[PDB]
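To start, the structure itself, in structure tokens.
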Number of protein chains: 2
Amino acid sequence: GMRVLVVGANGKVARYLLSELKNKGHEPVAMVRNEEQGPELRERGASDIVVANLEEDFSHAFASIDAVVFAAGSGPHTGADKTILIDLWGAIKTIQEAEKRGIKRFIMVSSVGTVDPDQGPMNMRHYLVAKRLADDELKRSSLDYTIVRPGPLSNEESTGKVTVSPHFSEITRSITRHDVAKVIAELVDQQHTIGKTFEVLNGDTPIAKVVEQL
Amino acid sequence: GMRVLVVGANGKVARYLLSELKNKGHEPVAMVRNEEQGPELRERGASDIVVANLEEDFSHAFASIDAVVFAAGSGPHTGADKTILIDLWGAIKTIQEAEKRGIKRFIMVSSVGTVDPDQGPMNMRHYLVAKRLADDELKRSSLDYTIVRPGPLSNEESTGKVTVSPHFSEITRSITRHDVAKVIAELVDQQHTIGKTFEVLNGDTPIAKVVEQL
Ligand SMILES: NC(=O)c1ccc[n+]([C@@H]2O[C@H](COP(=O)([O-])OP(=O)(O)OC[C@H]3O[C@@H](n4cnc5c(N)ncnc54)[C@H](OP(=O)(O)O)[C@@H]3O)[C@@H](O)[C@H]2O)c1
Ligand SMILES: NC(=O)c1ccc[n+]([C@@H]2O[C@H](COP(=O)([O-])OP(=O)(O)OC[C@H]3O[C@@H](n4cnc5c(N)ncnc54)[C@H](OP(=O)(O)O)[C@@H]3O)[C@@H](O)[C@H]2O)c1
Ligand SMILES: [Cl-]
Ligand SMILES: [Cl-]
């Protein structure tokens with residue numbers, strides 16, 4: 001059972017992820033910007049709460065941690081300034097802090113669209129570049145990484161069933177946030193998933209079996 | 001005499017740079033987004049004009065080129081989306097295109113503030129990260145690079161006199177855009193400046209002598 005720091009722990013995927021990690025026998029440590037978000041994240045599955053901000057010194061957050069999941073993001077309501085500062089620069093600093101501390105296991109929540117950002121919708125291209133460049137920083141690191149690139153996210157209830165590819169030639173489906181969380185929790189302690197980058201949609205294959213074959 | 005592609009050739013520094021390169025015996029090739037900008041850049045010193053856009057396929061621009069100067073930028077009037085897409089992603093693609101083609105000589109026009117972007121003014125921090133990460137991409141490349149980090153830019157007339165440092169412990173001065181252009185033109189064909197990153201302010205030392213000692 002790993003102590004897993006969830007960076008971005010108040011987000012929609014992350015919230016589900018706290019519960020998925022708990023029920024896999026892990027100890028989810030939720031990182032939050034303000035202390036008042038903590039009580040409900042404990043109800044959702046967090047073992048511990050750490051109050052830290054990616055824009056400030058957040059090194060204290062990484063104390064006694066076995067694995068990091070980067071699930072943070074600025075979102076569609078803050079500017080492209082925050083896409084740079086959170087999704088890209090924040091991720092880069094989380095990676096450096098994990099190396100510094102010797103935390104080997106790192107799961108990146110990325111996105112489809114990142115293999116070829118210049119072919120993505122112009123209105124999204126800045127986001128896709130930010131995600132891509134963060135992925136590349138992880139790929140250049142010494143960490144035991146896995147990069148999960150979900151398709152378009154939905155808020156439907158979990159199906160428990162997905163499809164994966166190193167890279168789909170087209171994206172014609174969505175994935176529920178519940179199911180992304182399930183995928184991450186399934187692979188956090190799977191050594192055979194180290195060094196893997198994959199895209200994930202809802203589909204027909206049970207999540208446990210998909211992860212077995214990654 | 002080198003054929004020097006000036007990326008961002010319609011900008012304020014770049015415009016002066018066309019003339020500085022010409023009068024050093026180089027052939028400045030101005031890259032512009034639209035053809036109508038070309039006639040005046042020829043008057044300012046350009047030997048040739050190439051019409052290309054960093055957001056589209058611009059590989060044709062790099063034909064018959066000996067050196068690249070990246071002097072492009074989104075500016076304070078477009079969004080942080082364009083800081084990502086031009087200053088960072090555009091630079092990254094220019095670097096890749098230079099490697100692809102075997103163009104060895106690359107001069108980056110960067111900025112002070114990049115050694116420690118989190119200590120810079122919050123309103124500028126996204127820009128400083130973009131510049132920093134572009135600099136790091138160049139530093140990881142196989143190119144014969146020089147990175148010039150000017151201080152705050154001014155539109156005063158050239159003094160011809162500067163101060164340099166690997167990194168100033170404080171910035172209490174500006175530098176004219178004329179003088180930045182002079183610095184770049186001075187070092188483009190100087191082999192001893194390869195692998196050098198430095199900050200540059202106006203000061204007391206003639207530009208030729210500063211470059212001799214880099
Ligand atoms: N939308 C899509 O269709 C789509 C597609 C592919 C990939 N994705 C990616 O999937 C990820 C997870 O999705 P999601 O729906 O869970 O996103 P979300 O609900 O926006 O989660 C983002 C979290 O990041 C946190 N955060 C923001 N700034 C922070 C900072 N400075 N320090 C620490 N935390 C900070 C937020 O905190 P607060 O609670 O304080 O706001 C929020 O809880 C996204 O981040 C996105 O990049 C999305
Ligand atoms: N302001 C400061 O105090 C300061 C301090 C330190 C460093 N700097 C850096 O110094 C650099 C040079 O300064 P400057 O004053 O010459 O800037 P500038 O006048 O804004 O020059 C930027 C140029 O980039 C071009 N450009 C924009 N998008 C492009 C694209 N997609 N493809 C090709 N070209 C594109 C613009 O073209 P158009 O002519 O079509 O607009 C413009 O000519 C800046 O880029 C900045 O990063 C500035
Ligand atoms: Cl793609
Ligand atoms: Cl600095």
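Following the order of the structure tokens, chains are lettered A, B, ..., residues in each are numbered from 1, and ligands are numbered from 1.
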Applying 12 Å and only C-alpha atoms, which residues near stretch 88-90 of chain B remain after dropping the ones on its own chain fewer than 3 positions away? List them as a PDB file with N, CA, C and O atoms, in the first residue's frame.
```pdb
ATOM      1  N   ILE A  84      -0.010  27.899 -18.694  1.00  0.00           N
ATOM      2  CA  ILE A  84       1.466  27.913 -18.578  1.00  0.00           C
ATOM      3  C   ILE A  84       1.972  27.625 -17.158  1.00  0.00           C
ATOM      4  O   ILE A  84       2.871  26.799 -16.941  1.00  0.00           O
ATOM      5  N   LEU A  88       1.809  23.355 -17.110  1.00  0.00           N
ATOM      6  CA  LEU A  88       3.146  23.136 -17.655  1.00  0.00           C
ATOM      7  C   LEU A  88       4.208  23.309 -16.567  1.00  0.00           C
ATOM      8  O   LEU A  88       4.903  22.350 -16.179  1.00  0.00           O
ATOM      9  N   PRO A 117      -0.047  18.703 -31.507  1.00  0.00           N
ATOM     10  CA  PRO A 117      -0.859  19.875 -31.120  1.00  0.00           C
ATOM     11  C   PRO A 117      -1.209  20.845 -32.253  1.00  0.00           C
ATOM     12  O   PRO A 117      -2.267  21.435 -32.212  1.00  0.00           O
ATOM     13  N   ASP A 118      -0.350  20.997 -33.250  1.00  0.00           N
ATOM     14  CA  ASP A 118      -0.659  21.901 -34.358  1.00  0.00           C
ATOM     15  C   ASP A 118      -1.817  21.452 -35.250  1.00  0.00           C
ATOM     16  O   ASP A 118      -2.297  22.230 -36.065  1.00  0.00           O
ATOM     17  N   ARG A 125      -5.136  24.801 -28.756  1.00  0.00           N
ATOM     18  CA  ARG A 125      -3.766  24.469 -29.096  1.00  0.00           C
ATOM     19  C   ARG A 125      -2.744  24.827 -28.019  1.00  0.00           C
ATOM     20  O   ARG A 125      -1.780  24.093 -27.795  1.00  0.00           O
ATOM     21  N   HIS A 126      -2.988  25.927 -27.316  1.00  0.00           N
ATOM     22  CA  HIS A 126      -2.110  26.364 -26.223  1.00  0.00           C
ATOM     23  C   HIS A 126      -2.130  25.373 -25.057  1.00  0.00           C
ATOM     24  O   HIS A 126      -1.108  25.143 -24.396  1.00  0.00           O
ATOM     25  N   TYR A 127      -3.309  24.801 -24.795  1.00  0.00           N
ATOM     26  CA  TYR A 127      -3.467  23.789 -23.776  1.00  0.00           C
ATOM     27  C   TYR A 127      -2.738  22.492 -24.166  1.00  0.00           C
ATOM     28  O   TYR A 127      -1.957  21.932 -23.369  1.00  0.00           O
ATOM     29  N   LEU A 128      -2.962  22.044 -25.391  1.00  0.00           N
ATOM     30  CA  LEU A 128      -2.313  20.854 -25.936  1.00  0.00           C
ATOM     31  C   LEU A 128      -0.788  20.902 -25.962  1.00  0.00           C
ATOM     32  O   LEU A 128      -0.094  19.888 -25.698  1.00  0.00           O
ATOM     33  N   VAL A 129      -0.244  22.059 -26.307  1.00  0.00           N
ATOM     34  CA  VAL A 129       1.220  22.312 -26.198  1.00  0.00           C
ATOM     35  C   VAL A 129       1.661  22.264 -24.734  1.00  0.00           C
ATOM     36  O   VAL A 129       2.668  21.637 -24.413  1.00  0.00           O
ATOM     37  N   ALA A 130       0.920  22.908 -23.828  1.00  0.00           N
ATOM     38  CA  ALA A 130       1.317  22.871 -22.419  1.00  0.00           C
ATOM     39  C   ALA A 130       1.426  21.425 -21.903  1.00  0.00           C
ATOM     40  O   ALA A 130       2.423  21.036 -21.343  1.00  0.00           O
ATOM     41  N   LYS A 131       0.412  20.603 -22.200  1.00  0.00           N
ATOM     42  CA  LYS A 131       0.350  19.188 -21.790  1.00  0.00           C
ATOM     43  C   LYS A 131       1.459  18.347 -22.411  1.00  0.00           C
ATOM     44  O   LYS A 131       2.137  17.608 -21.720  1.00  0.00           O
ATOM     45  N   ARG A 132       1.656  18.541 -23.706  1.00  0.00           N
ATOM     46  CA  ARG A 132       2.720  17.913 -24.450  1.00  0.00           C
ATOM     47  C   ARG A 132       4.099  18.177 -23.867  1.00  0.00           C
ATOM     48  O   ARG A 132       4.909  17.238 -23.727  1.00  0.00           O
ATOM     49  N   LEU A 133       4.384  19.442 -23.555  1.00  0.00           N
ATOM     50  CA  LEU A 133       5.722  19.813 -23.105  1.00  0.00           C
ATOM     51  C   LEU A 133       5.954  19.320 -21.692  1.00  0.00           C
ATOM     52  O   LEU A 133       7.080  18.976 -21.332  1.00  0.00           O
TER      53      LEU A 133
ATOM     54  N   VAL B   7      13.975  35.470 -37.634  1.00  0.00           N
ATOM     55  CA  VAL B   7      12.603  35.045 -37.301  1.00  0.00           C
ATOM     56  C   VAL B   7      12.043  36.162 -36.407  1.00  0.00           C
ATOM     57  O   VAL B   7      12.669  36.599 -35.445  1.00  0.00           O
ATOM     58  N   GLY B   8      10.891  36.688 -36.775  1.00  0.00           N
ATOM     59  CA  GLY B   8      10.369  37.841 -36.046  1.00  0.00           C
ATOM     60  C   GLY B   8      10.898  39.148 -36.609  1.00  0.00           C
ATOM     61  O   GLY B   8      10.998  40.123 -35.866  1.00  0.00           O
ATOM     62  N   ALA B  52       6.368  33.468 -44.095  1.00  0.00           N
ATOM     63  CA  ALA B  52       6.130  32.251 -43.338  1.00  0.00           C
ATOM     64  C   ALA B  52       5.584  32.671 -41.982  1.00  0.00           C
ATOM     65  O   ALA B  52       5.709  33.813 -41.600  1.00  0.00           O
ATOM     66  N   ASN B  53       4.965  31.726 -41.283  1.00  0.00           N
ATOM     67  CA  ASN B  53       4.223  31.974 -40.059  1.00  0.00           C
ATOM     68  C   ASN B  53       4.635  30.856 -39.087  1.00  0.00           C
ATOM     69  O   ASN B  53       4.583  29.706 -39.423  1.00  0.00           O
ATOM     70  N   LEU B  54       5.001  31.185 -37.870  1.00  0.00           N
ATOM     71  CA  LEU B  54       5.393  30.158 -36.875  1.00  0.00           C
ATOM     72  C   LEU B  54       4.256  29.184 -36.463  1.00  0.00           C
ATOM     73  O   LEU B  54       4.520  28.139 -35.876  1.00  0.00           O
ATOM     74  N   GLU B  55       3.011  29.563 -36.746  1.00  0.00           N
ATOM     75  CA  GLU B  55       1.862  28.756 -36.445  1.00  0.00           C
ATOM     76  C   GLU B  55       1.466  27.821 -37.595  1.00  0.00           C
ATOM     77  O   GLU B  55       0.602  26.973 -37.420  1.00  0.00           O
ATOM     78  N   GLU B  56       2.115  27.957 -38.747  1.00  0.00           N
ATOM     79  CA  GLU B  56       1.867  27.119 -39.894  1.00  0.00           C
ATOM     80  C   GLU B  56       3.150  26.390 -40.258  1.00  0.00           C
ATOM     81  O   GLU B  56       4.104  26.416 -39.495  1.00  0.00           O
ATOM     82  N   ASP B  57       3.182  25.710 -41.392  1.00  0.00           N
ATOM     83  CA  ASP B  57       4.408  25.069 -41.870  1.00  0.00           C
ATOM     84  C   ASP B  57       5.361  26.158 -42.400  1.00  0.00           C
ATOM     85  O   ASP B  57       5.097  26.791 -43.400  1.00  0.00           O
ATOM     86  N   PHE B  58       6.462  26.385 -41.712  1.00  0.00           N
ATOM     87  CA  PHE B  58       7.393  27.428 -42.126  1.00  0.00           C
ATOM     88  C   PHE B  58       8.769  26.887 -42.563  1.00  0.00           C
ATOM     89  O   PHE B  58       9.738  27.662 -42.640  1.00  0.00           O
ATOM     90  N   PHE B  70      16.371  33.862 -33.413  1.00  0.00           N
ATOM     91  CA  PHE B  70      14.974  33.859 -32.988  1.00  0.00           C
ATOM     92  C   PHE B  70      14.694  35.167 -32.218  1.00  0.00           C
ATOM     93  O   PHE B  70      15.089  35.331 -31.033  1.00  0.00           O
ATOM     94  N   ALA B  71      14.036  36.099 -32.907  1.00  0.00           N
ATOM     95  CA  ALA B  71      13.687  37.399 -32.366  1.00  0.00           C
ATOM     96  C   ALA B  71      12.157  37.621 -32.344  1.00  0.00           C
ATOM     97  O   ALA B  71      11.705  38.762 -32.297  1.00  0.00           O
ATOM     98  N   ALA B  72      11.370  36.534 -32.372  1.00  0.00           N
ATOM     99  CA  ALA B  72       9.908  36.611 -32.430  1.00  0.00           C
ATOM    100  C   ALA B  72       9.305  36.633 -31.035  1.00  0.00           C
ATOM    101  O   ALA B  72       9.906  36.224 -30.041  1.00  0.00           O
ATOM    102  N   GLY B  73       8.073  37.091 -30.971  1.00  0.00           N
ATOM    103  CA  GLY B  73       7.370  37.207 -29.711  1.00  0.00           C
ATOM    104  C   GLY B  73       5.948  37.619 -29.993  1.00  0.00           C
ATOM    105  O   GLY B  73       5.682  38.359 -30.953  1.00  0.00           O
ATOM    106  N   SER B  74       5.040  37.156 -29.152  1.00  0.00           N
ATOM    107  CA  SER B  74       3.622  37.501 -29.280  1.00  0.00           C
ATOM    108  C   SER B  74       3.321  38.999 -28.947  1.00  0.00           C
ATOM    109  O   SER B  74       2.396  39.616 -29.519  1.00  0.00           O
ATOM    110  N   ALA B  80      -1.940  35.367 -23.408  1.00  0.00           N
ATOM    111  CA  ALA B  80      -0.970  34.392 -22.945  1.00  0.00           C
ATOM    112  C   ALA B  80      -1.043  33.128 -23.823  1.00  0.00           C
ATOM    113  O   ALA B  80      -0.112  32.380 -23.885  1.00  0.00           O
ATOM    114  N   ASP B  81      -2.146  32.900 -24.529  1.00  0.00           N
ATOM    115  CA  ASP B  81      -2.192  31.815 -25.502  1.00  0.00           C
ATOM    116  C   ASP B  81      -1.078  31.939 -26.548  1.00  0.00           C
ATOM    117  O   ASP B  81      -0.471  30.943 -26.938  1.00  0.00           O
ATOM    118  N   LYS B  82      -0.806  33.174 -26.976  1.00  0.00           N
ATOM    119  CA  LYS B  82       0.200  33.402 -28.011  1.00  0.00           C
ATOM    120  C   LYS B  82       1.634  33.396 -27.447  1.00  0.00           C
ATOM    121  O   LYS B  82       2.543  33.056 -28.134  1.00  0.00           O
ATOM    122  N   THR B  83       1.801  33.728 -26.179  1.00  0.00           N
ATOM    123  CA  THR B  83       3.072  33.559 -25.488  1.00  0.00           C
ATOM    124  C   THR B  83       3.476  32.105 -25.522  1.00  0.00           C
ATOM    125  O   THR B  83       4.597  31.811 -25.875  1.00  0.00           O
ATOM    126  N   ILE B  84       2.563  31.193 -25.181  1.00  0.00           N
ATOM    127  CA  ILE B  84       2.794  29.741 -25.351  1.00  0.00           C
ATOM    128  C   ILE B  84       3.111  29.335 -26.796  1.00  0.00           C
ATOM    129  O   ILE B  84       4.070  28.597 -27.071  1.00  0.00           O
ATOM    130  N   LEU B  85       2.264  29.778 -27.710  1.00  0.00           N
ATOM    131  CA  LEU B  85       2.314  29.323 -29.093  1.00  0.00           C
ATOM    132  C   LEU B  85       3.474  29.950 -29.903  1.00  0.00           C
ATOM    133  O   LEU B  85       4.014  29.271 -30.770  1.00  0.00           O
ATOM    134  N   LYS B  93       9.865  24.718 -32.264  1.00  0.00           N
ATOM    135  CA  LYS B  93       9.823  24.297 -33.647  1.00  0.00           C
ATOM    136  C   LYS B  93      10.965  24.883 -34.499  1.00  0.00           C
ATOM    137  O   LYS B  93      11.411  24.215 -35.423  1.00  0.00           O
ATOM    138  N   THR B  94      11.428  26.112 -34.225  1.00  0.00           N
ATOM    139  CA  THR B  94      12.530  26.725 -35.006  1.00  0.00           C
ATOM    140  C   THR B  94      13.838  25.988 -34.756  1.00  0.00           C
ATOM    141  O   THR B  94      14.648  25.792 -35.668  1.00  0.00           O
ATOM    142  N   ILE B  95      14.016  25.568 -33.513  1.00  0.00           N
ATOM    143  CA  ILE B  95      15.151  24.784 -33.092  1.00  0.00           C
ATOM    144  C   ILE B  95      15.180  23.415 -33.779  1.00  0.00           C
ATOM    145  O   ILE B  95      16.237  22.990 -34.263  1.00  0.00           O
ATOM    146  N   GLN B  96      14.028  22.750 -33.792  1.00  0.00           N
ATOM    147  CA  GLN B  96      13.893  21.453 -34.429  1.00  0.00           C
ATOM    148  C   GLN B  96      14.138  21.558 -35.927  1.00  0.00           C
ATOM    149  O   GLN B  96      14.779  20.695 -36.538  1.00  0.00           O
ATOM    150  N   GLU B  97      13.636  22.620 -36.529  1.00  0.00           N
ATOM    151  CA  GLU B  97      13.859  22.822 -37.963  1.00  0.00           C
ATOM    152  C   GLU B  97      15.347  23.076 -38.279  1.00  0.00           C
ATOM    153  O   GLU B  97      15.824  22.573 -39.260  1.00  0.00           O
ATOM    154  N   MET B 108      19.401  32.928 -29.724  1.00  0.00           N
ATOM    155  CA  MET B 108      18.166  33.166 -29.049  1.00  0.00           C
ATOM    156  C   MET B 108      18.157  34.554 -28.393  1.00  0.00           C
ATOM    157  O   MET B 108      19.073  34.930 -27.660  1.00  0.00           O
ATOM    158  N   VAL B 109      17.113  35.326 -28.685  1.00  0.00           N
ATOM    159  CA  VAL B 109      16.818  36.567 -27.960  1.00  0.00           C
ATOM    160  C   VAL B 109      15.818  36.202 -26.882  1.00  0.00           C
ATOM    161  O   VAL B 109      14.667  35.968 -27.139  1.00  0.00           O
ATOM    162  N   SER B 110      16.322  36.154 -25.670  1.00  0.00           N
ATOM    163  CA  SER B 110      15.583  35.776 -24.518  1.00  0.00           C
ATOM    164  C   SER B 110      15.316  37.016 -23.648  1.00  0.00           C
ATOM    165  O   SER B 110      14.944  38.071 -24.162  1.00  0.00           O
ATOM    166  N   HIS B 126       4.315  34.197 -16.521  1.00  0.00           N
ATOM    167  CA  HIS B 126       3.994  33.292 -17.631  1.00  0.00           C
ATOM    168  C   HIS B 126       4.924  33.515 -18.826  1.00  0.00           C
ATOM    169  O   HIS B 126       5.299  32.569 -19.530  1.00  0.00           O
ATOM    170  N   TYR B 127       5.278  34.782 -19.062  1.00  0.00           N
ATOM    171  CA  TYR B 127       6.211  35.142 -20.106  1.00  0.00           C
ATOM    172  C   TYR B 127       7.625  34.633 -19.782  1.00  0.00           C
ATOM    173  O   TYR B 127       8.281  33.984 -20.624  1.00  0.00           O
ATOM    174  N   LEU B 128       8.073  34.892 -18.564  1.00  0.00           N
ATOM    175  CA  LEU B 128       9.375  34.439 -18.080  1.00  0.00           C
ATOM    176  C   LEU B 128       9.588  32.928 -18.109  1.00  0.00           C
ATOM    177  O   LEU B 128      10.694  32.426 -18.428  1.00  0.00           O
ATOM    178  N   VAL B 129       8.553  32.185 -17.748  1.00  0.00           N
ATOM    179  CA  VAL B 129       8.547  30.703 -17.902  1.00  0.00           C
ATOM    180  C   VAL B 129       8.616  30.322 -19.382  1.00  0.00           C
ATOM    181  O   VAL B 129       9.392  29.446 -19.759  1.00  0.00           O
ATOM    182  N   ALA B 130       7.822  30.969 -20.241  1.00  0.00           N
ATOM    183  CA  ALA B 130       7.875  30.628 -21.664  1.00  0.00           C
ATOM    184  C   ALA B 130       9.299  30.783 -22.227  1.00  0.00           C
ATOM    185  O   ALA B 130       9.830  29.884 -22.835  1.00  0.00           O
ATOM    186  N   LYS B 131       9.948  31.912 -21.919  1.00  0.00           N
ATOM    187  CA  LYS B 131      11.315  32.227 -22.370  1.00  0.00           C
ATOM    188  C   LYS B 131      12.354  31.259 -21.816  1.00  0.00           C
ATOM    189  O   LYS B 131      13.171  30.739 -22.553  1.00  0.00           O
ATOM    190  N   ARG B 132      12.244  30.992 -20.523  1.00  0.00           N
ATOM    191  CA  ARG B 132      13.070  30.028 -19.838  1.00  0.00           C
ATOM    192  C   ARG B 132      13.022  28.643 -20.462  1.00  0.00           C
ATOM    193  O   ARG B 132      14.079  28.010 -20.661  1.00  0.00           O
ATOM    194  N   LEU B 133      11.813  28.157 -20.746  1.00  0.00           N
ATOM    195  CA  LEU B 133      11.657  26.790 -21.233  1.00  0.00           C
ATOM    196  C   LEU B 133      12.130  26.689 -22.668  1.00  0.00           C
ATOM    197  O   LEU B 133      12.647  25.649 -23.079  1.00  0.00           O
ATOM    198  N   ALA B 134      11.996  27.771 -23.423  1.00  0.00           N
ATOM    199  CA  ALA B 134      12.561  27.818 -24.783  1.00  0.00           C
ATOM    200  C   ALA B 134      14.079  27.803 -24.725  1.00  0.00           C
ATOM    201  O   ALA B 134      14.727  27.105 -25.492  1.00  0.00           O
ATOM    202  N   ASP B 135      14.657  28.553 -23.786  1.00  0.00           N
ATOM    203  CA  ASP B 135      16.094  28.547 -23.565  1.00  0.00           C
ATOM    204  C   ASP B 135      16.596  27.163 -23.222  1.00  0.00           C
ATOM    205  O   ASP B 135      17.645  26.739 -23.709  1.00  0.00           O
ATOM    206  N   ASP B 136      15.857  26.450 -22.383  1.00  0.00           N
ATOM    207  CA  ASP B 136      16.259  25.088 -21.994  1.00  0.00           C
ATOM    208  C   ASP B 136      16.214  24.079 -23.145  1.00  0.00           C
ATOM    209  O   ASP B 136      17.069  23.226 -23.248  1.00  0.00           O
ATOM    210  N   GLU B 137      15.227  24.206 -24.009  1.00  0.00           N
ATOM    211  CA  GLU B 137      15.167  23.410 -25.223  1.00  0.00           C
ATOM    212  C   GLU B 137      16.425  23.620 -26.111  1.00  0.00           C
ATOM    213  O   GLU B 137      17.022  22.678 -26.617  1.00  0.00           O
ATOM    214  N   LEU B 138      16.826  24.872 -26.288  1.00  0.00           N
ATOM    215  CA  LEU B 138      18.052  25.220 -27.018  1.00  0.00           C
ATOM    216  C   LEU B 138      19.298  24.653 -26.359  1.00  0.00           C
ATOM    217  O   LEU B 138      20.163  24.088 -27.041  1.00  0.00           O
TER     218      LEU B 138
END
```
**Item:** Expected answer as a PyMOL selection string: residues within 12 Å of ligand 3, only C-alpha atoms and all ligand atoms
**Value:** chain A and resi 111-121+125+128-129+131-132+149+151+166-171+199
Those same residues - N, CA and C atoms - I'd like them written as an mmCIF file, in the first residue's frame.
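Okay, this is what ended up in selection_29.cif:
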```cif
data_model
loop_
_atom_site.group_PDB
_atom_site.id
_atom_site.type_symbol
_atom_site.label_atom_id
_atom_site.label_comp_id
_atom_site.auth_asym_id
_atom_site.auth_seq_id
_atom_site.Cartn_x
_atom_site.Cartn_y
_atom_site.Cartn_z
ATOM 1 N N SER A 111 -3.523 14.354 -21.834
ATOM 2 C CA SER A 111 -4.666 14.493 -22.751
ATOM 3 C C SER A 111 -4.301 13.932 -24.132
ATOM 4 N N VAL A 112 -5.294 13.384 -24.848
ATOM 5 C CA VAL A 112 -5.174 13.249 -26.317
ATOM 6 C C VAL A 112 -5.064 14.660 -26.932
ATOM 7 N N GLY A 113 -4.540 14.720 -28.144
ATOM 8 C CA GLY A 113 -4.264 15.997 -28.774
ATOM 9 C C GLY A 113 -2.795 16.401 -28.670
ATOM 10 N N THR A 114 -2.015 15.642 -27.902
ATOM 11 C CA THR A 114 -0.672 16.048 -27.525
ATOM 12 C C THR A 114 0.384 15.497 -28.472
ATOM 13 N N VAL A 115 0.074 14.430 -29.189
ATOM 14 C CA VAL A 115 1.021 13.896 -30.195
ATOM 15 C C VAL A 115 1.256 14.910 -31.314
ATOM 16 N N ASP A 116 0.221 15.661 -31.676
ATOM 17 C CA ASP A 116 0.341 16.629 -32.774
ATOM 18 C C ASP A 116 -0.472 17.886 -32.486
ATOM 19 N N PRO A 117 -0.047 18.703 -31.507
ATOM 20 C CA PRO A 117 -0.859 19.875 -31.120
ATOM 21 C C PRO A 117 -1.209 20.845 -32.253
ATOM 22 N N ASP A 118 -0.350 20.997 -33.250
ATOM 23 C CA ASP A 118 -0.659 21.901 -34.358
ATOM 24 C C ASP A 118 -1.817 21.452 -35.250
ATOM 25 N N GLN A 119 -2.212 20.192 -35.154
ATOM 26 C CA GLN A 119 -3.400 19.719 -35.858
ATOM 27 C C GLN A 119 -4.663 19.770 -34.996
ATOM 28 N N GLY A 120 -4.564 20.257 -33.769
ATOM 29 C CA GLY A 120 -5.716 20.285 -32.857
ATOM 30 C C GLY A 120 -6.441 21.584 -33.072
ATOM 31 N N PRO A 121 -7.682 21.725 -32.529
ATOM 32 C CA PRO A 121 -8.418 22.979 -32.672
ATOM 33 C C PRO A 121 -7.590 24.157 -32.169
ATOM 34 N N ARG A 125 -5.136 24.801 -28.756
ATOM 35 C CA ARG A 125 -3.766 24.469 -29.096
ATOM 36 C C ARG A 125 -2.744 24.827 -28.019
ATOM 37 N N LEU A 128 -2.962 22.044 -25.391
ATOM 38 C CA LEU A 128 -2.313 20.854 -25.936
ATOM 39 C C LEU A 128 -0.788 20.902 -25.962
ATOM 40 N N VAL A 129 -0.244 22.059 -26.307
ATOM 41 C CA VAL A 129 1.220 22.312 -26.198
ATOM 42 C C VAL A 129 1.661 22.264 -24.734
ATOM 43 N N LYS A 131 0.412 20.603 -22.200
ATOM 44 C CA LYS A 131 0.350 19.188 -21.790
ATOM 45 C C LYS A 131 1.459 18.347 -22.411
ATOM 46 N N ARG A 132 1.656 18.541 -23.706
ATOM 47 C CA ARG A 132 2.720 17.913 -24.450
ATOM 48 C C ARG A 132 4.099 18.177 -23.867
ATOM 49 N N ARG A 149 -3.280 9.560 -21.260
ATOM 50 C CA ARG A 149 -3.869 10.602 -22.099
ATOM 51 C C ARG A 149 -5.350 10.315 -22.348
ATOM 52 N N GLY A 151 -9.124 10.815 -23.627
ATOM 53 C CA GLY A 151 -9.989 11.555 -24.550
ATOM 54 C C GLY A 151 -10.792 12.650 -23.857
ATOM 55 N N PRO A 166 -1.421 3.346 -28.128
ATOM 56 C CA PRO A 166 -0.328 4.316 -28.031
ATOM 57 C C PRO A 166 -0.722 5.659 -28.618
ATOM 58 N N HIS A 167 -1.546 5.601 -29.661
ATOM 59 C CA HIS A 167 -2.045 6.751 -30.314
ATOM 60 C C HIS A 167 -3.172 6.392 -31.295
ATOM 61 N N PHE A 168 -4.388 6.843 -31.021
ATOM 62 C CA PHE A 168 -5.496 6.585 -31.907
ATOM 63 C C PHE A 168 -5.375 7.468 -33.146
ATOM 64 N N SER A 169 -5.708 6.900 -34.302
ATOM 65 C CA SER A 169 -5.701 7.631 -35.567
ATOM 66 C C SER A 169 -6.908 8.522 -35.687
ATOM 67 N N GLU A 170 -7.956 8.235 -34.925
ATOM 68 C CA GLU A 170 -9.028 9.201 -34.685
ATOM 69 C C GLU A 170 -9.660 9.022 -33.301
ATOM 70 N N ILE A 171 -10.289 10.086 -32.816
ATOM 71 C CA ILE A 171 -10.966 10.098 -31.526
ATOM 72 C C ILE A 171 -12.442 10.329 -31.830
ATOM 73 N N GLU A 199 -3.107 6.527 -24.784
ATOM 74 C CA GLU A 199 -4.410 7.211 -24.849
ATOM 75 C C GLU A 199 -5.540 6.254 -24.403
#
```
**Prompt:** With only C-alpha atoms as the atoms that count, which of A:155, A:144, A:164, A:122 lies nearest to chain B?
**Reply:** A:122
**Request:** Give the answer as one residue: which of A:181, A:59, A:150, A:78 has the shortest atom-to-atom distance to ligand 1, using only C-alpha atoms and all ligand atoms?
**Result:**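 Among the listed residues, the smallest separation from ligand 1 belongs to A:150.
Minimum atom-to-atom distances from A:13, A:211, A:50, A:175 to residue A:65 were compared using only C-alpha atoms, and the lowest value belongs to A:50.
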**DSSP-assigned helix (DSSP H, G or I) members of stretch 18-189 of chain A, reported as a ChimeraX atom specification** = /A:18-23,35-43,59-62,80-101,117-119,122-140,177-187
**Message:** Using DSSP assignments from the backbone, pull out every residue in stretch 124-153 of chain A that falls under strand (DSSP E) and give it to me as a PyMOL selection string.
**Reply:** chain A and resi 144-150+153
**Asked** Which value, in Å to one decimal, gives the distance between atom CA of residue A:68 and atom CA of residue A:212?
**Response**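 About the pair atom CA of residue A:68 and atom CA of residue A:212: they are 21.1 Å apart.
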